[PDB]
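What follows is one structure encoded as structure tokens, with my remarks underneath.
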Amino acid sequence: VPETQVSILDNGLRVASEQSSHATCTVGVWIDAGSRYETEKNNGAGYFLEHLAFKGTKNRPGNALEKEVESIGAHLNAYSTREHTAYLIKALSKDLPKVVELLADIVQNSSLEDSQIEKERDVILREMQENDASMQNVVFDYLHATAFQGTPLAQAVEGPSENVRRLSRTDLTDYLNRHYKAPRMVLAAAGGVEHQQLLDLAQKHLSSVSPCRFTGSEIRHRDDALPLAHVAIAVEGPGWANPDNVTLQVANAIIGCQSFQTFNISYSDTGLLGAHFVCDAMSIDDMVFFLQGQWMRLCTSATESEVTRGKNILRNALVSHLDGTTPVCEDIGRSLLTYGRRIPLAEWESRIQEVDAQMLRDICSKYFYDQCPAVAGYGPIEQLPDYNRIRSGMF
Amino acid sequence: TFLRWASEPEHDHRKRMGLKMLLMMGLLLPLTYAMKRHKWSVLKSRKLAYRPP
């Protein structure tokens, strides 16, 4: 697998690339700026700037931005999490000169038209009025909240409607001018790109860029008119950099009622490790029990075969050139923002093959057993057991 | 005194039990109260909020 080569410019912006023989490329800008860096007076600034970032910059007033990035034939995407913001474009590699330039203006000298500002306010607000339809997102945004209380991590990426209505260009300008610093930025490229050409384009454009504690808790939004119930139970994830994350991923691969997914969400030295399941009310209790059993099961039933199993499924999850440019870029941007380097797949394979059953049950015992859980329920959740009961697996 | 002693040949025996009982209850009542207040704190801190849509 070709190595990911990283350079660093005057601004501090990093320029990471991973050349591949695929023909198109996914060039993106990551920024270490999310809802964790907001201070409850600008709780929707990143989301609302993510809406305003494609509505024209001085150089591209009006629909120019979308038009050109449309004409070139590229797909323009952006997303925001609690810790990272990404503005990425997938286009024909021959379009690199075009691409970099457009992206530059997106992350700098973006001209928020107050006309649009008002418009987006409405968009965000109205969607939020309906964002309630995404029960799963709801469950996952209180889980974050209930656990990370009194901590920036709690505030959702979207932010409270209140703030959405009460936001102004200057505030946005601040978030933009405060959390868009060049040392906290990665220009990541994946696919048919040359690293020297991308470094020269980053020098030509973009060379101008200038606590958290886990709280055991439970939030039971009871609404009996909903047909199905969604319940998430989590404990404190190790973090992004913690080595044991890998032995925890294998544990998730061992676990894999209904829609019983498993998650290991990682933030800067914290996270949520757990399971989300949707079930008819009458079975919620049973399901809860099962999940708990499985976790302690890892603590007691790490059959080597299953250990291997989990390792293998993890082995087939690692992202690679095969997965495509975007998947890879995305990994390059997150790796330079979180680890400070791109971890190659050989190092991931070494960290997977060093995992055995004994260290898996050791790492699991440290995190699942005797760890107050964070419970978030939504729907007909009367038969969902209360905390004393949940924390008390007793088996 | 003798008559009393005979009427309750166990007067002394008992009072020693009663002393051990008072010491054991003085040890055990606040500890069981603390457990109960642990397992009942959860609810006693529960905050309810009504959020009609």
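We label chains A, B, ... in the order they appear in the structure tokens, count residues from 1 in each chain, and number ligands from 1 in the order shown.
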
Exercise for review: Tell me, as a PyMOL selection string, which residues lie within 12 Å of residue 86 in chain A, counting only C-alpha atoms; anything in the same chain fewer than 2 positions away does not count.
Suggested key: chain A and resi 26-34+46-47+49-50+53+76-84+88-89+103+106-107+180+185-188+326+329-334+337

Review point. Looking only at the backbone, which of the residues in range 250-378 of chain A does DSSP tag as strand (DSSP E), as number ranges by chain?
Key: A: 261-267, 270-279, 374-378

Which residues of chain B are close to chain A, meaning at most 9 Å apart when you count only C-alpha atoms, and how do they look as a compact mmCIF listing (two decimals) with N, CA and C atoms, in the first residue's frame?
```
# COMPACT_ATOMS: atom_id res chain seq x y z
N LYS B 39 -29.29 3.68 47.04
CA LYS B 39 -30.22 3.15 46.04
C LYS B 39 -31.48 3.98 45.85
N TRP B 40 -31.78 4.87 46.78
CA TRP B 40 -32.92 5.75 46.60
C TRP B 40 -32.53 7.17 46.20
N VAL B 42 -30.94 7.82 43.48
CA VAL B 42 -31.17 7.92 42.05
C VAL B 42 -32.51 8.58 41.79
```

Point to revise | Contacts of residue 118 in chain A at 10 Å (only C-alpha atoms; same-chain gap of 6+ positions) as a list in words | key: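 Close residues of residue 118 in chain A: residues 165, 167, 168 and 169 of chain A.
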
Output N, CA and C atoms of each residue in that selection to a file, as a PDB file, in the first residue's frame.
```
ATOM      1  N   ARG A 165     -31.914  30.798  15.978  1.00  0.00           N
ATOM      2  CA  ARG A 165     -32.600  32.041  15.679  1.00  0.00           C
ATOM      3  C   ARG A 165     -31.721  33.207  16.049  1.00  0.00           C
ATOM      4  N   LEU A 167     -28.542  34.296  15.940  1.00  0.00           N
ATOM      5  CA  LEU A 167     -27.160  34.263  15.468  1.00  0.00           C
ATOM      6  C   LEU A 167     -26.933  35.319  14.407  1.00  0.00           C
ATOM      7  N   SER A 168     -25.763  35.938  14.427  1.00  0.00           N
ATOM      8  CA  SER A 168     -25.507  37.019  13.495  1.00  0.00           C
ATOM      9  C   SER A 168     -24.179  36.895  12.792  1.00  0.00           C
ATOM     10  N   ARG A 169     -24.042  37.602  11.681  1.00  0.00           N
ATOM     11  CA  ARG A 169     -22.823  37.514  10.909  1.00  0.00           C
ATOM     12  C   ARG A 169     -21.581  37.640  11.752  1.00  0.00           C
TER      13      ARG A 169
END
```
